[PDB]
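One structure is given below, encoded as structure tokens.
Please treat every number below as a calculation from the coordinates, not as lab data. Please note: Cβ atoms are built from the backbone with ideal geometry, for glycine as well, and neighbour counts cover all protein chains shown.
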Amino acid sequence: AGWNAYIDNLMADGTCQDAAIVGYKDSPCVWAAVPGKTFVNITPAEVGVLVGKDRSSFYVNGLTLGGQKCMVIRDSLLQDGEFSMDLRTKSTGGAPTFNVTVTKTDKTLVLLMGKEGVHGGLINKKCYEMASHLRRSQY
Amino acid sequence: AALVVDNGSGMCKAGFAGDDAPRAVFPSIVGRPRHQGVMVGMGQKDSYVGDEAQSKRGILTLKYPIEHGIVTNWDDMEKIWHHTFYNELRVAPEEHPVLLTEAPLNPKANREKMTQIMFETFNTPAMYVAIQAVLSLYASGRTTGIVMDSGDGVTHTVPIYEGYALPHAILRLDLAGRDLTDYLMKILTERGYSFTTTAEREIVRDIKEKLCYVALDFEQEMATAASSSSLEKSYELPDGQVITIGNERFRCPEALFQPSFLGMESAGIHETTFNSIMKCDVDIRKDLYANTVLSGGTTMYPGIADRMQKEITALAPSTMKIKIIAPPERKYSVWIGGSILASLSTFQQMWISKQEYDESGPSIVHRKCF
Amino acid sequence: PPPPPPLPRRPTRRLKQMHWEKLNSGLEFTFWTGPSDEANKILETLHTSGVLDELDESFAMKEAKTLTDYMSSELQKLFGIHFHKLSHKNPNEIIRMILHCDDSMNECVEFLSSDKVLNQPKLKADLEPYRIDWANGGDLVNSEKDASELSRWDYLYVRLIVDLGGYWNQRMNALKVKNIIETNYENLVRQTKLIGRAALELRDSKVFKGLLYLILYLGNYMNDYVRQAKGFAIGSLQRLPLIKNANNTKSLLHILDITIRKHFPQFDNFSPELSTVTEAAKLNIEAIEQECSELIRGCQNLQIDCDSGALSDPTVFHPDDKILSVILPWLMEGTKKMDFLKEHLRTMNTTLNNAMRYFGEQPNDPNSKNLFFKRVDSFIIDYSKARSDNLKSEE
Amino acid sequence: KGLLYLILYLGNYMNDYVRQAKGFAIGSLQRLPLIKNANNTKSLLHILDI
Amino acid sequence: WXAXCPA
Ligand SMILES: Nc1ncnc2c1ncn2[C@@H]1O[C@H](COP(=O)(O)OP(=O)(O)O)[C@@H](O)[C@H]1O
Ligand SMILES: [Mg+2]
């Protein structure tokens, strides 16, 4: 209930500054996201890249997620057991960079990017947990 | 005090967090006598490891428990660790967390296997496992770069970035020190010296460490070596025999740059360094070139740094600058970086506890310490 | 969006836990489903056999033995990495040696020079009440704000970054420029001398002039009457390997090697005569010129800083801060270094330029200014391979 | 099958109540040698033979 | 041999 309430659950600990849920089936669209932030502006084309059959093209120059440039760390979305993705934002002029994680469920994609100085493992473990719960709910 | 133990194909390193040098540095070998014992009452041991095995290596059949990175014998691997704690370090593991290292692109099979033998046989209170390549540049004082990791078993090229490994960009090359030592003996027989057994395999290992060096120009040096006897050097065998090598000083190390000398289709580390950095992103590629680092005992050859700098410069575009970082302490860089990592105050966060392992089981390591 | 789901006999003592992988999915088809009486007699047998009792005694676990920091979690990792050599020393000891600008931490000062440590707005607000107004009065801004409560690295950051931030960036600039100059002036003079010598040698070489005249005279022979030019650029020398004879066995430059050897013994081998050109082709002129020009900009920027900048004011300086006492002795000598390098920089530019018009090309084209010795070196190796192939085939 | 049933009952008594499963994969046999007693002299398999 | 065996 209340797709936005998950975002509140995502922001309970304050270790992240952006969080979103998007349904990647049929026409991609955001179901709940932090207003005014990065994750609210996800385009279907970016979703198609994330779930596309090509798992090597995003290694040449990274990819964009909501228009913000980010680099690929490890890709395990299509592999059973984790269904998780790791990204790090790409910045210019020594601007702060942040770790980005994406977990793939049956119907949804869960996206978390943490605040400054936050280790990716903390961001990954949370997104895996709620993704694990959400798949147990047949979504 | 947290133990930092560095298992390696050739050498095993152990010490304490915050120390500037490993406390115990002994060979990673296991020995079993091939002859029956006739002198009774001595209490001669069944298996011999480390320096003591090296001391009496003549009457022992030395075996490397780890070959090509993969551990081929899990029963011997604990014994050298058992000797590591109680004998070399003389410390009880029951009250100290211990640090071990893992290899790039390691199969998932091993990673709980070390986990399931430490929390049970030695019941260490806490544990953490990281890449030896990641710890290499940590000792160098940088967090982003590419490491020219070469050792006794395997070689890996890891373009690290904020201390997070890139699995797709990891390139594995099978040109290690053991290969060169095996290549040194097959070319040393040209001078009438025949070393075949495993005990004398250490002898040639000693010879190349002292006499072999990297030549800047191969074609120029063979011509000079044939013309003059200046490059020839004399080495002393433990039996008192005197040997002399004329051109093998620069020929054996050259195979690291010309693998076709060994017959391997994969080319040298100079292109493999260039090959790996081609896989990374273009924008980050600027940083990786200028913070290249060398690591491992294989990279100890004199004149190796300028030779690789010259070759990759031709491979690299003329616009780019190449800065080969070769700290003289890079022999123990992997060990020192671990001691640095263990000493961190924030390092207590990603500990794996004995209690938490019990409910989580062996599988916790893949997600806790990754 | 669709509706969302809800939000998220026994032993007397704890013994060793033996974990397992469980059954794949469920025991839908496994023999575990079958409740055979063969398994039933096992359960009663173990309850009677003296096995479980021994299990309690032998396999009991060895218990567990388990055992206000505003600073960001990531940053504590970085500080311990670089200042590892000083772990045994208190914050009061390490705060003192750093101000001495000693040789032992010429490397650690670069780490605190990074943008990561400086660009931390949130900590600067947090440690601001703990700052001491050293600019005037030298007293704590707030009332008590004890510094012992702060952790080991927290004491250092506030006393070094927040406290001295007024001249911190200025002081690091005086020290960052200190390290770069101390090691590059020796090599930079070597690089500019080689380029100037190489340009003069090429301009003052009759052998290089003679071969060009021979090529021009031969070239005009096969060319048409309407294209009988009396000169050509250096970059036109690459057309010789691109011309082949009827059977493609011998190229135009290959005739030149045997023509020179048979009739022109003076032009037989010019590569040993002119060697500095080849080494000069391995250096970038614009990159070297920019690198040296960076030194003067830093030097003149330093003069206005020590004399009239933040470094000029000594009131904000701590008494145990010899940064003023170390830069000033080098200030006179450093001015000498920039004057000599400026003279060498002008020497290379004019020495390259007079030899630059001498062969018809201009520096206005940036590629021509850079790729000047490369084209000459490209012909040197091209002539070398042509001679080597000619000698090997005939012999 | 009798061997498999025997070790499973030993493990169920051996483990916690929250993890008292009634089955395991064949690949689960590998942890018998790596579990030792107090003095590391004998393992679960060593005492199993007796 | 010289260094090794008898040959
Ligand atoms: N001075 C030297 N010259 C040449 N080779 C050396 C020198 N010192 C050590 N080595 C080689 O380095 C190897 C040590 O490998 P090591 O780095 O310990 O492997 P690992 O990284 O797996 O621990 C030895 O086998 C030895 O042959
Ligand atoms: Mg190694």
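Looking at A:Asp54, is it loosely packed, with under 15 Cβ neighbours inside 10 Å, closer than 18 Å to B:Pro167 by Cβ and either more than 13 Å from chain C (Cβ to nearest Cβ) or more than 14 Å from the chain's Cα centre (by Cα) (or both)? Yes; evaluated as a whole, the condition is true for this residue. Return the residues of segment B:223-245 that are within 14 Å of chain E (Cβ to nearest Cβ), more than 16 Å from ligand 1 (Cβ to nearest atom) and surrounded by 11 or more Cβ atoms within 10 Å (Cβ to Cβ); say none if nothing qualifies. Of everything in segment B:223-245, those that are within 14 Å of chain E (Cβ to nearest Cβ), more than 16 Å from ligand 1 (Cβ to nearest atom) and surrounded by 11 or more Cβ atoms within 10 Å (Cβ to Cβ) turn out to be B:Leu237, B:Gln241, B:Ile243, B:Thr244.
Step by step: first the residues of segment B:275-298, then only those that are part of a helix (DSSP H, G or I) and in contact with an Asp or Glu (Cβ under 9 Å, 6 or more places away or on another chain), then the one that is farthest from B:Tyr138 (Cα to Cα). Which residue is that?
Within segment B:275-298, the first condition is being part of a helix (DSSP H, G or I), and the residues that meet it are B:275-279, B:285-290, B:297-298.
Within this subset, residues satisfying the condition of being in contact with an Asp or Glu (Cβ under 9 Å, 6 or more places away or on another chain) are B:297-298.
Details: B:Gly297: 17, B:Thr298: 19 Å.
Selected residue: B:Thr298.
Pull up segment B:5-47, narrow it to residues that are away from chain C (no Cβ under 14 Å), aliphatic (A, V, I, L, M) and not in a strand (DSSP E or B), then point me to the one that is nearest to ligand 1 (Cβ to nearest atom). The selected residue is B:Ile29.
Number of residues in segment B:85-103 that are within 14 Å of ligand 1 (Cβ to nearest atom) and either within 25 Å of D:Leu44 (Cβ to Cβ) or within 13 Å of another protein chain (Cβ to nearest Cβ) (or both): the value is 1. The sole residue among B:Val293, B:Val282 that is within 16 Å of ligand 2 (Cβ to nearest atom) and closer than 20 Å to B:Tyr161 by Cα is B:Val293. Just to be sure, is B:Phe195 within 14 Å of chain E (Cβ to nearest Cβ), of a type outside the set (S, T, N, Q), more than 16 Å from ligand 2 (Cβ to nearest atom) and in a loop (DSSP other than H, G, I, E, B)? The answer is yes for B:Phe195.
Examine segment B:181-191 for a residue that is within 15 Å of ligand 2 (Cβ to nearest atom), away from every other protein chain (no Cβ under 14 Å), closer than 21 Å to B:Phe26 by Cα and not in a strand (DSSP E or B), and state whether such a residue exists.
No; the residues of segment B:181-191 include none that is within 15 Å of ligand 2 (Cβ to nearest atom), away from every other protein chain (no Cβ under 14 Å), closer than 21 Å to B:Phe26 by Cα and not in a strand (DSSP E or B).
Among residues belonging to segment B:142-163 that are polar (S, T, N, Q) and more than 12 Å from ligand 1 (Cβ to nearest atom), point out the one that is nearest to B:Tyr64 (Cα to Cα).
B:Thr157
In the set (1) more than 15 Å from ligand 2 (Cβ to nearest atom); (2) crowded, with 21+ Cβ neighbours inside 10 Å; (3) in a loop (DSSP other than H, G, I, E, B), the condition left unmet by B:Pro159 is number (3). The selection criterion, being away from chain C (no Cβ under 14 Å) and among the basic types (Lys, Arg), holds for A:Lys37. When you check B:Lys310 against the structure, is it surrounded by fewer than 18 Cβ atoms within 10 Å (Cβ to Cβ), within 12 Å of chain C (Cβ to nearest Cβ), outside any helix (DSSP H, G or I) and on the phi < 0 side of the Ramachandran plot, yes or no? So B:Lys310 does not fit the description; no.
Please find, among C:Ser325, C:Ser368, the residue that is closer than 23 Å to C:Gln170 by Cα, part of a helix (DSSP H, G or I) and of a type outside the set (A, V, I, L, M, F, W, C). One residue alone meets the criteria, C:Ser325. Yes or no: B:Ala2 within 18 Å of B:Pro93 (Cα to Cα), small (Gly, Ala, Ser) and within 16 Å of ligand 1 (Cβ to nearest atom)? Judged against the criteria, B:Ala2 is not a match. Hey, can you tell me all the residues within segment B:223-260 that are part of a helix (DSSP H, G or I) and not acidic (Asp, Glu)? Once the filter is applied, which keeps residues that are part of a helix (DSSP H, G or I) and not acidic (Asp, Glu), segment B:223-260 yields B:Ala223, B:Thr224, B:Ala225, B:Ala226, B:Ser227, B:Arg249, B:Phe250, B:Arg251, B:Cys252, B:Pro253, B:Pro259, B:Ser260. Candidates are the residues of segment B:340-370 that are facing chain C (nearest Cβ under 8 Å) and either farther than 18 Å from B:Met118 by Cα or among the aliphatic types (A, V, I, L, M) (or both); the one that is surrounded by the fewest Cβ atoms within 10 Å (Cβ to Cβ) is B:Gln349. Among residues of segment B:199-222 being outside any helix (DSSP H, G or I) and away from chain E (no Cβ under 14 Å), the one that is farthest from ligand 1 (Cβ to nearest atom) is B:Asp217. Quick check: anything in segment B:60-74 within 15 Å of ligand 2 (Cβ to nearest atom) and either among the aromatic types (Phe, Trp, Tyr) or within 14 Å of another protein chain (Cβ to nearest Cβ) (or both)? Yes. Pick from segment B:119-135 the residues that are within 16 Å of ligand 1 (Cβ to nearest atom) and within 13 Å of chain C (Cβ to nearest Cβ): which of them is surrounded by the fewest Cβ atoms within 10 Å (Cβ to Cβ)? Top of the filtered list is B:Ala130. Taken together, B:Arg178, B:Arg172 contain a single residue that is part of a strand (DSSP E or B), within 20 Å of the chain's Cα centre (by Cα) and within 16 Å of ligand 2 (Cβ to nearest atom), which is B:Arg172. Tallying residues that are surrounded by 18 or more Cβ atoms within 10 Å (Cβ to Cβ) and more than 9 Å from every other protein chain (Cβ to nearest Cβ) within segment A:88-107 yields 8. Looking across segment C:58-89, not a single residue is in contact with an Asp or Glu (Cβ under 7 Å, 6 or more places away or on another chain), hydrophobic (A, V, I, L, M, F, W, C) and at the interface with another protein chain (Cβ under 8 Å from one of its Cβ atoms).
Within the set A:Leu112, A:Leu78, the sole residue that is crowded, with 18+ Cβ neighbours inside 10 Å and more than 9 Å from every other protein chain (Cβ to nearest Cβ) turns out to be A:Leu112.
Against the condition within 14 Å of chain A (Cβ to nearest Cβ) and in contact with a helix residue (DSSP H, G or I) (Cβ under 8 Å, 6 or more places away or on another chain), how does C:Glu38 come out, does it pass?
Working: within 14 Å of chain A (Cβ to nearest Cβ): no; in contact with a helix residue (DSSP H, G or I) (Cβ under 8 Å, 6 or more places away or on another chain): yes.
It is false that C:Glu38 is within 14 Å of chain A (Cβ to nearest Cβ) and in contact with a helix residue (DSSP H, G or I) (Cβ under 8 Å, 6 or more places away or on another chain).
Looking at B:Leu166, is it crowded, with 19+ Cβ neighbours inside 10 Å, away from ligand 1 (no atom under 14 Å from the Cβ) and part of a helix (DSSP H, G or I)? No. Looking at (1) on the phi > 0 side of the Ramachandran plot; (2) in contact with a strand residue (DSSP E or B) (Cβ under 9 Å, 6 or more places away or on another chain), find the lone condition where C:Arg131 falls short. With respect to (1) on the phi > 0 side of the Ramachandran plot; (2) in contact with a strand residue (DSSP E or B) (Cβ under 9 Å, 6 or more places away or on another chain), C:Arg131 is out only on (1). When segment B:301-322 is filtered for residues that are basic (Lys, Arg) and over 23 Å from the mean Cα position of the chain (by Cα), the ones remaining, listed by number, are B:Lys310, B:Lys321. Of all positions in segment C:44-54, none carries a residue that is under 19 Å from D:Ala38 (Cα atoms) and within 60 Å of the chain's Cα centre (by Cα).
Here is a check on your reading of the model: is B:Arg111 closer than 30 Å to D:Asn39 by Cβ and either within 16 Å of ligand 1 (Cβ to nearest atom) or surrounded by fewer than 21 Cβ atoms within 10 Å (Cβ to Cβ) (or both)? So B:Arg111 fits the description; yes.
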